[PDB]
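Just below is one structure, and these are the notes that go with it.
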Amino acid sequence: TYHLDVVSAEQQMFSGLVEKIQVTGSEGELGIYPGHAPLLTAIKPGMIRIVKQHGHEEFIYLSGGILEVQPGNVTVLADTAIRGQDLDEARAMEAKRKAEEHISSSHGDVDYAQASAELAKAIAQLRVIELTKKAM
Amino acid sequence: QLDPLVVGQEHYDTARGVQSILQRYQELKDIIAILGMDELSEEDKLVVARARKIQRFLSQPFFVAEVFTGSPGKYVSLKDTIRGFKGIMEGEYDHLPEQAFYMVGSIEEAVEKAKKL
Amino acid sequence: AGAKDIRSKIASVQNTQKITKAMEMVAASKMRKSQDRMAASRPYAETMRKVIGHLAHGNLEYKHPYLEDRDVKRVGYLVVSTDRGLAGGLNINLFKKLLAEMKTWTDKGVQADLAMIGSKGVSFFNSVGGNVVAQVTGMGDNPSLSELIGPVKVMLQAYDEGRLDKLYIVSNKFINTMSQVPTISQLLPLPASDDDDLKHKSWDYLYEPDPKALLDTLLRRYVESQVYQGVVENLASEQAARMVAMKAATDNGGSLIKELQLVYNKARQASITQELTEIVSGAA
Amino acid sequence: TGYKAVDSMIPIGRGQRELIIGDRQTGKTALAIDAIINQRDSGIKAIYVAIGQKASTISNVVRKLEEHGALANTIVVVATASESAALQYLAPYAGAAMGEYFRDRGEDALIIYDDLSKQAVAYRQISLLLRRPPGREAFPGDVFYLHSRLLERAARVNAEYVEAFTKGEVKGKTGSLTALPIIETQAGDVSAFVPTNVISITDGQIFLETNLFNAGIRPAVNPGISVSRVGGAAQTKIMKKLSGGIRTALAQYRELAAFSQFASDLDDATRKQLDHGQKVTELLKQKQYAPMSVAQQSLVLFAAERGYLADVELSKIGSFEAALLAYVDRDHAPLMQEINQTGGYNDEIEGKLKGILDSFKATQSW
Amino acid sequence: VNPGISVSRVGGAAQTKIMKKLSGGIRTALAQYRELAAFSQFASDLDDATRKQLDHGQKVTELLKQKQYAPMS
Amino acid sequence: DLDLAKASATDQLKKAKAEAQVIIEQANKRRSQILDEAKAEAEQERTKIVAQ
Amino acid sequence: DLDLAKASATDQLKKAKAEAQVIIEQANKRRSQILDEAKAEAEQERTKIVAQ
Ligand SMILES: Nc1ncnc2c1ncn2[C@@H]1O[C@H](COP(=O)(O)OP(=O)(O)OP(=O)(O)O)[C@@H](O)[C@H]1O
Ligand SMILES: [Mg+2]
């Protein structure tokens with residue numbers, strides 16, 4: 001057996017011991033057994049099959065990534081979203097538009113909003129200084 | 001005298017529901033202010049509108065206030081009051097504008113004003 | 001003064017102190033969750049940086065624009081900022097450090113371009129008048145990489161298209177649970193590695209399909225990860241800075257209670273005596 | 001007192017003085033007359049002294065006393081809001097003498113003084129009309145010695161005292177008189193003059209909170225700030241066992257639920273304390289004229305403390321409580337009898353109560 | 001003059017109908033401004049919808065200011 | 001089928017308990033009606049006997 | 001293991017059928033208890049009001 005990592009930029013996805021894997025490399029299907037020579041390739045979006053030792057089979061969906069295999073080791077630097085020349089250019093276009101305008105969104109921290117507004121009403125017009133003879 | 005035993009369960013439930021809706025709206029008001037309304041959940045975006053319509057509907061034109069406003073006054077029976085609030089809270093009038101409830105008498109004037117509005 | 005007016009203000013300050021204690025607790029939990037998510041992100045960058053170091057500085061070192069120091073005429077910054085207040089001085093410390101380093105650059109006559117993460121930085125830099133060119137805001141508790149893709153893409157495109165000649169990220173480093181520091185670090189051209197992979201002499205990869213396109217993709221993904229890491233470290237720095245700030249505000253409230261209660265005691269004593277003296281002196 | 005909240009959290013003893021204190025219209029008079037109505041079918045004779053009350057309140061009080069059959073037990077002493085201040089000032093002492101008659105004969109009495117704060121106002125009026133010098137808030141100097149020398153008559157007297165007083169006609173009995181003075185605060189400022197005097201006189205206070213009362217939490221007893229300094233010595237053993245935690249559990253639940261509003265997505269450990277507290281706080285309210293016997297309260301509290309709520313924790317816990325009482329009243333009445341007669345608590349009774357709730361949860365509905 | 005804390009029980013009956021017409025929006029604008037006044041110390045935490053009310057109520061308050069001995073017709 | 005039997009037993013129990021609750025609320029409504037009838041009869045009986 | 005599954009499924013269905021019949025029989029018992037108690041209180045109130 002050998003060690004397999006499926007790692008995204010955000011969080012890890014698999015860290016077990018494996019007997020073999022099957023992937024779609026960009027240049028075709030590819031099946032890594034133990035001891036396999038060092039290799040580096042992209043992988044296409046789609047499923048990877050793991051057979052954990054004792055023969056347990058499972059399927060992991062990957063939005064892409066890079067596969068790198070080493071003496072006794074392999075890693076799949078999986079992408080977290082579909083990547084492409086057009087999708088990424090559309091996202092950059094929206095990121096540019098939002099800056100050429102002055103449009104901004106609202107954070108989802110409703111807890112911060114509640115506490116912020118309660119504190120803003122509570123602290124308003126205390127008149128506590130001059131009432132307290134603190135100079136400062 | 002506001003308890004089920006003397007006013008009946010219908011009146012008591014209508015009153016407690018109105019107070020609960022208005023309290024929930026008073027809670028949501030600051031989230032609306034900081035975050036903006038488009039962040040509220042779709043059931044809270046409905047509590048807001050229904051509370052805002054309740055808050056309009058319990059205003060009323062008086063016969064003696066006419067010299068202040070010129071508009072005629074209206075007398076509303078308790079049955080019509082309960083029927084109107086019980087309808088609003090249950091969503092029977094989610095299709096009317098808010099200003100259809102402002103300074104009206106019975107709910108019939110609300111539907112007729114919206115039809116005119 | 002007035003005894004009732006003071007007691008009302010005492011109640012209002014106690015209510016403020018209670019709110020700030022709750023905010024301290026919430027921040028102290030969000031900080032732990034955020035700094036664990038921070039550790040969940042290391043393996044991707046570490047293993048990719050070892051691969052890039054093997055391709056770029058090892059044997060058969062390939063040539064790429066991102067690797068080498070072309071002459072600089074204008075500079076790009078990715079700036080991370082919060083969407084929220086009550087964080088203390090954190091964003092203003094970072095933005096003043098940026099404006100100092102950017103002014104030193106503009107002494108030499110070079111131009112500078114900014115891309116923003118978070119609404120605070122957008123507001124501040126537009127008030128200052130900085131040249132923001134791309135932005136993402138409203139990340140909240142949940143910073144995605146698939147939203148970082150945009151502004152990082154704009155700055156990478158501007159680099160390979162030959163406009164930007166150096167690229168920085170500007171962020172707070174989380175170091176201790178009460179210590180964070182504003183930093184500027186170079187993303188591109190790629191920082192020099194300390195380590196030498198001469199011990200990787202003994203092997204080389206089977207590069208399928210071809211090493212140069214694969215090194216191009218590797219470098220693009222690595223810059224992305226390093227930016228995401230800078231966002232998550234700044235978010236945990238935000239939670240810790242809010243925790244400390246709400247602690248200090250709760251102690252300030254507790255001192256103000258003492259000072260208001262002293263004034264209330266004096267007021268109620270004076271009221272008792274001024275009344276009883278009026279009564280007794282009125283009885284001829 | 002027949003109220004789950006008081007009888008569990010704030011036990012009252014024969015010869016204790018417990019101050020019912022709270023803002024206007026928070027169930028002070030209701031709680032007092034329900035205590036009187038509970039005294040029906042006990043050796044305790046009840047006295048109700050109404051000071052400054054409007055006559056419609058007294059008419060209602062007497063109708064409810066006779067309706068629930070408690071009137072044959074109790075003396076009603078009336079000094080209405082329109083009667084001369086002399087009658088209002090000197091009333092509680094008449095009530096105290098009528099109660100002390102029973103106390104000195106080796107019997108038990110209970111007396112309620114409705115609005116001692118109105119007695120203090122009537123004594124202030126009668127004092128100022130006699131040109132006597134005023135004090136902190138125009139109340140005369142001895143207003144403390146007004147309330148003190150009244151409340152100190154509420155006492156438990158030993159068998160030698162009653163034997164010597166009655167000239168040997170009664171030997172084994174100990175007499176007692178229990179006072180429940182009512183005080184009205186303004187906006188809950190406990191630290192006012194007459195409230196902090198009466199709090200310095202009595203042995204505890206049942207503080208009734210207005211923002212709990214308006215939220216439908218009736219009776220609105222406030223834990224923490226309310227205490228009985230006589231405490232568990234007066235309490236019966238089964239109630240002392242079951243109730244030990246309830247007060248601190250409720251106070252910490254209230255502070256935690258105050259924190260909660262600012263903290264969504266909160267630890268799943270406190271998520272359970274903050275549920276169990278919200279169920280116990282929902283369970284302890286009850287209807288206007290419904291006094292509950294020690295066995296009924298005990299088994300409801302056993303149900304709440306030993307987790308039998310946690311599935312029904314959803315809702316309809318009021319219907320659950322009513323159905324549980326009706327089920328136990330149908331089958332296991334010989335146990336309700338044992339509990340009401342002895343108040344004792346045993347591992348055998350613990351097992352019996354487990355068997356009752358197991359059979360109820362599996363076989364009935366609410 | 002502190003509006004809203006200050007009262008006239010005569011109201012519009014003592015106003016020309018042009019003034020009576022125009023004054024109601026001033027009253028509602030200042031009432032909304034007074035309600036939304038607290039948030040003003042944290043203005044750039046707010047939403048734009050409430051922000052437009054807050055900075056409108058400031059402009060009305062600024063418009064009422066007037067120099068002594070210059071009565072207006 | 002073992003897990004389907006489990007879902008059938010739990011559905012049968014909850015169906016029977018809701019079906020019992022409609023019987024109980026029918027008894028409660030009947031009680032409220034018959035006590036209101038008894039009260040209205042005692043009201044009229046009083047008005048007649050006090051006039052006499 | 002299939003023969004065990006059939007035994008377990010039939011036993012649990014027998015238990016749920018018994019428990020449903022117990023629940024509804026006790027619901028009818030409760031309803032009868034309520035209706036008797038309401039008859040007694042109907043006369044207790046009427047006698048109270050006429051004596052008043
Ligand atoms: N447990 C309860 N459930 C439902 N209603 C209640 C309860 N206790 C009191 N009420 C209602 O609340 C109202 C106020 O009760 P009560 O008259 O006892 O208050 P109070 O404090 O004695 O009044 P005041 O202070 O004005 O003399 C009454 O209408 C009463 O019926
Ligand atoms: Mg009262």
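We label chains A, B, ... in the order they appear in the structure tokens, count residues from 1 in each chain, and number ligands from 1 in the order shown.
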
As a compact mmCIF listing (two decimals) with N, CA and C atoms, in the first residue's frame, please: chain G after a least-squares superposition onto chain F using all C-alpha atoms matched in order.
# COMPACT_ATOMS: atom_id res chain seq x y z
N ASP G 1 -38.18 -6.63 4.73
CA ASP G 1 -39.40 -6.82 5.51
C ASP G 1 -39.30 -6.24 6.93
N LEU G 2 -38.10 -6.23 7.52
CA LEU G 2 -37.88 -5.48 8.76
C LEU G 2 -37.96 -3.96 8.57
N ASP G 3 -37.43 -3.44 7.46
CA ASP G 3 -37.56 -2.00 7.20
C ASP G 3 -39.02 -1.56 7.02
N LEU G 4 -39.81 -2.35 6.29
CA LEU G 4 -41.26 -2.16 6.23
C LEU G 4 -41.93 -2.22 7.60
N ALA G 5 -41.51 -3.16 8.46
CA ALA G 5 -42.11 -3.26 9.79
C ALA G 5 -41.87 -2.00 10.61
N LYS G 6 -40.64 -1.47 10.58
CA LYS G 6 -40.33 -0.23 11.29
C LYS G 6 -41.14 0.96 10.78
N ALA G 7 -41.29 1.08 9.46
CA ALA G 7 -42.12 2.15 8.90
C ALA G 7 -43.58 2.04 9.35
N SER G 8 -44.16 0.84 9.27
CA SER G 8 -45.57 0.66 9.62
C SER G 8 -45.83 0.92 11.11
N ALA G 9 -44.94 0.44 11.98
CA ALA G 9 -45.06 0.67 13.41
C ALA G 9 -44.99 2.16 13.77
N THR G 10 -44.04 2.89 13.18
CA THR G 10 -43.95 4.33 13.45
C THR G 10 -45.15 5.11 12.90
N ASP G 11 -45.66 4.74 11.73
CA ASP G 11 -46.85 5.40 11.19
C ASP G 11 -48.10 5.18 12.06
N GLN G 12 -48.35 3.94 12.47
CA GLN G 12 -49.48 3.66 13.36
C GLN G 12 -49.35 4.31 14.73
N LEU G 13 -48.15 4.36 15.31
CA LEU G 13 -47.96 5.14 16.54
C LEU G 13 -48.20 6.64 16.35
N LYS G 14 -47.81 7.20 15.20
CA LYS G 14 -48.12 8.60 14.91
C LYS G 14 -49.63 8.86 14.81
N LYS G 15 -50.35 7.96 14.14
CA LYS G 15 -51.81 8.04 14.08
C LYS G 15 -52.46 7.95 15.47
N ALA G 16 -52.05 6.98 16.29
CA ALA G 16 -52.63 6.87 17.63
C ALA G 16 -52.30 8.06 18.54
N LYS G 17 -51.11 8.65 18.41
CA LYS G 17 -50.78 9.86 19.16
C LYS G 17 -51.63 11.06 18.75
N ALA G 18 -51.87 11.22 17.45
CA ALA G 18 -52.76 12.27 16.97
C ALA G 18 -54.19 12.06 17.47
N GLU G 19 -54.71 10.84 17.34
CA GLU G 19 -56.08 10.55 17.75
C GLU G 19 -56.29 10.73 19.25
N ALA G 20 -55.32 10.31 20.08
CA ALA G 20 -55.39 10.59 21.51
C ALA G 20 -55.45 12.09 21.82
N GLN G 21 -54.62 12.89 21.14
CA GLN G 21 -54.65 14.34 21.36
C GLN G 21 -55.95 14.99 20.89
N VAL G 22 -56.54 14.48 19.81
CA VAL G 22 -57.85 14.93 19.35
C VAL G 22 -58.95 14.56 20.34
N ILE G 23 -58.98 13.31 20.80
CA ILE G 23 -59.98 12.86 21.76
C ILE G 23 -59.96 13.70 23.03
N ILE G 24 -58.78 13.92 23.61
CA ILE G 24 -58.72 14.69 24.85
C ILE G 24 -59.01 16.18 24.63
N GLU G 25 -58.58 16.76 23.50
CA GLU G 25 -58.96 18.14 23.21
C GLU G 25 -60.47 18.33 23.04
N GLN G 26 -61.14 17.41 22.35
CA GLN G 26 -62.61 17.46 22.27
C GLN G 26 -63.30 17.18 23.60
N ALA G 27 -62.71 16.35 24.46
CA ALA G 27 -63.24 16.18 25.82
C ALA G 27 -63.20 17.48 26.62
N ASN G 28 -62.09 18.22 26.54
CA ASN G 28 -62.03 19.55 27.14
C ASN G 28 -63.03 20.52 26.52
N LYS G 29 -63.26 20.41 25.21
CA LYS G 29 -64.28 21.23 24.54
C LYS G 29 -65.69 20.94 25.07
N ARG G 30 -66.05 19.67 25.15
CA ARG G 30 -67.31 19.25 25.77
C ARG G 30 -67.47 19.78 27.20
N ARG G 31 -66.44 19.62 28.02
CA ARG G 31 -66.46 20.14 29.39
C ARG G 31 -66.71 21.65 29.45
N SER G 32 -66.05 22.43 28.59
CA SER G 32 -66.31 23.88 28.51
C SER G 32 -67.74 24.20 28.05
N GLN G 33 -68.27 23.41 27.12
CA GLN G 33 -69.66 23.57 26.66
C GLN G 33 -70.66 23.32 27.78
N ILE G 34 -70.44 22.25 28.54
CA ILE G 34 -71.27 21.92 29.70
C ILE G 34 -71.25 23.04 30.73
N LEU G 35 -70.07 23.55 31.07
CA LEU G 35 -69.95 24.56 32.12
C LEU G 35 -70.55 25.92 31.73
N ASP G 36 -70.44 26.31 30.45
CA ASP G 36 -71.19 27.48 29.98
C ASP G 36 -72.70 27.26 30.04
N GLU G 37 -73.18 26.13 29.53
CA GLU G 37 -74.61 25.86 29.54
C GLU G 37 -75.18 25.84 30.96
N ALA G 38 -74.42 25.29 31.91
CA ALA G 38 -74.83 25.29 33.32
C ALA G 38 -74.88 26.69 33.92
N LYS G 39 -73.97 27.59 33.53
CA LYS G 39 -74.04 28.98 34.00
C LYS G 39 -75.32 29.67 33.51
N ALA G 40 -75.61 29.50 32.22
CA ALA G 40 -76.82 30.08 31.63
C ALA G 40 -78.10 29.52 32.27
N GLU G 41 -78.18 28.20 32.44
CA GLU G 41 -79.36 27.63 33.09
C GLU G 41 -79.48 28.04 34.56
N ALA G 42 -78.37 28.20 35.27
CA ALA G 42 -78.40 28.68 36.65
C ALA G 42 -79.13 30.02 36.77
N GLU G 43 -78.81 30.96 35.87
CA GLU G 43 -79.59 32.21 35.84
C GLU G 43 -81.00 32.06 35.28
N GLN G 44 -81.22 31.19 34.30
CA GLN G 44 -82.56 31.00 33.75
C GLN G 44 -83.55 30.47 34.80
N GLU G 45 -83.13 29.47 35.56
CA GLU G 45 -83.90 28.97 36.70
C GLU G 45 -84.10 30.03 37.79
N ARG G 46 -83.03 30.72 38.20
CA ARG G 46 -83.21 31.72 39.26
C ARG G 46 -84.21 32.80 38.86
N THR G 47 -84.12 33.31 37.63
CA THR G 47 -85.06 34.33 37.15
C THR G 47 -86.49 33.80 37.07
N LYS G 48 -86.65 32.55 36.63
CA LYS G 48 -87.96 31.90 36.62
C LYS G 48 -88.58 31.83 38.01
N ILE G 49 -87.82 31.38 39.00
CA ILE G 49 -88.34 31.23 40.37
C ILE G 49 -88.67 32.59 41.01
N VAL G 50 -87.83 33.61 40.81
CA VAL G 50 -88.14 34.92 41.40
C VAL G 50 -89.34 35.59 40.72
N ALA G 51 -89.50 35.43 39.41
CA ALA G 51 -90.72 35.91 38.76
C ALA G 51 -91.96 35.14 39.22
N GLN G 52 -91.83 33.83 39.43
CA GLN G 52 -92.92 33.05 40.02
C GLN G 52 -93.33 33.56 41.40

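Near ligand 2, at distances of 10 Å or less and with only C-alpha atoms and all ligand atoms counted, sit the residues residues 23, 24, 25, 26, 27, 28, 29, 30, 31, 32, 53, 54, 57, 114, 115, 182 and 184 of chain D.
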
Write to file, as a PDB file, in the first residue's frame, the residues of the selection just made, with N, CA and C atoms.
ATOM      1  N   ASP D  23     -43.811  45.275  41.761  1.00  0.00           N
ATOM      2  CA  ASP D  23     -44.449  46.447  41.185  1.00  0.00           C
ATOM      3  C   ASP D  23     -45.962  46.257  41.131  1.00  0.00           C
ATOM      4  N   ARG D  24     -46.656  47.322  40.734  1.00  0.00           N
ATOM      5  CA  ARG D  24     -48.110  47.276  40.664  1.00  0.00           C
ATOM      6  C   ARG D  24     -48.548  46.233  39.642  1.00  0.00           C
ATOM      7  N   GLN D  25     -49.662  45.563  39.931  1.00  0.00           N
ATOM      8  CA  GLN D  25     -50.305  44.638  38.999  1.00  0.00           C
ATOM      9  C   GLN D  25     -49.320  43.572  38.517  1.00  0.00           C
ATOM     10  N   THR D  26     -48.863  42.749  39.470  1.00  0.00           N
ATOM     11  CA  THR D  26     -47.990  41.627  39.144  1.00  0.00           C
ATOM     12  C   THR D  26     -48.396  40.344  39.863  1.00  0.00           C
ATOM     13  N   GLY D  27     -49.615  40.276  40.393  1.00  0.00           N
ATOM     14  CA  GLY D  27     -50.124  39.061  40.998  1.00  0.00           C
ATOM     15  C   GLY D  27     -49.842  38.910  42.478  1.00  0.00           C
ATOM     16  N   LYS D  28     -49.697  40.022  43.199  1.00  0.00           N
ATOM     17  CA  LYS D  28     -49.459  39.998  44.641  1.00  0.00           C
ATOM     18  C   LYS D  28     -50.703  39.544  45.405  1.00  0.00           C
ATOM     19  N   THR D  29     -51.826  40.215  45.149  1.00  0.00           N
ATOM     20  CA  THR D  29     -53.113  39.873  45.748  1.00  0.00           C
ATOM     21  C   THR D  29     -53.583  38.482  45.339  1.00  0.00           C
ATOM     22  N   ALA D  30     -53.447  38.137  44.061  1.00  0.00           N
ATOM     23  CA  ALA D  30     -53.737  36.778  43.612  1.00  0.00           C
ATOM     24  C   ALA D  30     -52.918  35.731  44.367  1.00  0.00           C
ATOM     25  N   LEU D  31     -51.602  35.918  44.463  1.00  0.00           N
ATOM     26  CA  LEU D  31     -50.754  34.963  45.182  1.00  0.00           C
ATOM     27  C   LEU D  31     -51.135  34.838  46.659  1.00  0.00           C
ATOM     28  N   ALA D  32     -51.502  35.953  47.292  1.00  0.00           N
ATOM     29  CA  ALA D  32     -51.944  35.920  48.687  1.00  0.00           C
ATOM     30  C   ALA D  32     -53.275  35.192  48.867  1.00  0.00           C
ATOM     31  N   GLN D  53     -57.838  49.131  50.039  1.00  0.00           N
ATOM     32  CA  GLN D  53     -58.326  48.533  48.803  1.00  0.00           C
ATOM     33  C   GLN D  53     -59.642  49.162  48.375  1.00  0.00           C
ATOM     34  N   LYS D  54     -59.824  49.298  47.065  1.00  0.00           N
ATOM     35  CA  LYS D  54     -61.123  49.693  46.544  1.00  0.00           C
ATOM     36  C   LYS D  54     -62.132  48.576  46.786  1.00  0.00           C
ATOM     37  N   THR D  57     -62.506  45.379  44.627  1.00  0.00           N
ATOM     38  CA  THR D  57     -61.530  44.334  44.919  1.00  0.00           C
ATOM     39  C   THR D  57     -61.969  43.464  46.091  1.00  0.00           C
ATOM     40  N   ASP D 114     -52.508  43.343  53.218  1.00  0.00           N
ATOM     41  CA  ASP D 114     -52.501  43.867  51.856  1.00  0.00           C
ATOM     42  C   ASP D 114     -52.123  45.349  51.813  1.00  0.00           C
ATOM     43  N   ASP D 115     -50.970  45.661  51.206  1.00  0.00           N
ATOM     44  CA  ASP D 115     -50.411  47.017  51.112  1.00  0.00           C
ATOM     45  C   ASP D 115     -50.073  47.642  52.474  1.00  0.00           C
ATOM     46  N   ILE D 182     -47.591  42.518  52.090  1.00  0.00           N
ATOM     47  CA  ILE D 182     -47.428  42.917  50.693  1.00  0.00           C
ATOM     48  C   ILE D 182     -46.889  44.341  50.633  1.00  0.00           C
ATOM     49  N   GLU D 184     -45.644  47.315  47.654  1.00  0.00           N
ATOM     50  CA  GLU D 184     -45.654  47.745  46.258  1.00  0.00           C
ATOM     51  C   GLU D 184     -44.471  48.666  45.974  1.00  0.00           C
TER      52      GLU D 184
END

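Here atom CA of residue 61 of chain B stands at a distance of 16.9 Å from atom CA of residue 24 of chain E.
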
Distance in Å - atom CA of residue 224 of chain D versus atom CA of residue 9 of chain D: 9.7 Å

Could I get the residues of chain B with an atom no further than 8 Å from an atom of ligand 1, each paired with its nearest atom pair and that distance in Å to one decimal, using only C-alpha atoms and all ligand atoms, sorted by chain and residue number, as JSON lines?
{"residue": "B:1", "atom": "CA", "partner": "ligand 1", "partner_atom_place_in_ligand_line": "29 (O)", "distance": 6.4}
{"residue": "B:2", "atom": "CA", "partner": "ligand 1", "partner_atom_place_in_ligand_line": "29 (O)", "distance": 7.9}
{"residue": "B:3", "atom": "CA", "partner": "ligand 1", "partner_atom_place_in_ligand_line": "5 (N)", "distance": 7.5}

Env of residue 39 of chain A: 10 Å cut, atoms = only C-alpha atoms, seq-sep filter 2 positions within chain, self excluded. Answer as a PyMOL selection string. (chain A and resi 36-37+41+67-71+74) or (chain C and resi 204-208)

Who sits within 10 Å of residue 39 of chain E, only C-alpha atoms, same chain under 3 positions skipped, as a list in words: residues 116, 117, 118, 119, 120, 121 and 124 of chain A; 30, 33 and 34 of chain B; 35, 36, 42, 43, 44, 45, 46, 50, 51 and 54 of chain E

Skipping near chain neighbours, those fewer than 6 positions away, what residues fall within 9 Å of segment 96-106 of chain B using only C-alpha atoms, listed as a compact mmCIF listing (two decimals) with C-alpha atoms, in the first residue's frame?
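To be explicit, this is the file written out as around-v6.txt:
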# COMPACT_ATOMS: atom_id res chain seq x y z
CA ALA B 49 -44.76 43.61 5.81
CA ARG B 50 -47.58 42.23 7.96
CA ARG B 52 -46.17 47.32 8.90
CA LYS B 53 -49.72 46.83 7.70
CA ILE B 54 -51.00 46.16 11.21
CA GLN B 55 -49.19 49.31 12.35
CA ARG B 56 -51.10 51.21 9.69
CA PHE B 57 -54.51 49.59 10.17
CA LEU B 58 -54.93 50.52 13.84
CA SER B 59 -54.91 54.20 13.00
CA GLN B 60 -58.33 55.70 12.41
CA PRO B 61 -60.11 58.90 11.33
CA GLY B 73 -64.67 59.88 10.50
CA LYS B 74 -65.43 56.18 10.76
CA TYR B 75 -66.95 54.01 13.49
CA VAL B 76 -65.66 50.43 13.63
CA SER B 77 -67.49 47.62 15.41
CA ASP B 80 -64.92 44.24 12.14
CA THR B 81 -61.80 45.03 14.16
CA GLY B 84 -59.54 42.80 10.03
CA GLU B 112 -61.67 49.46 -1.72
CA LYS B 113 -58.86 52.00 -1.29
CA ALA B 114 -56.32 49.55 -2.71
CA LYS B 115 -58.71 48.98 -5.61
CA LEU B 117 -55.05 53.26 -5.30
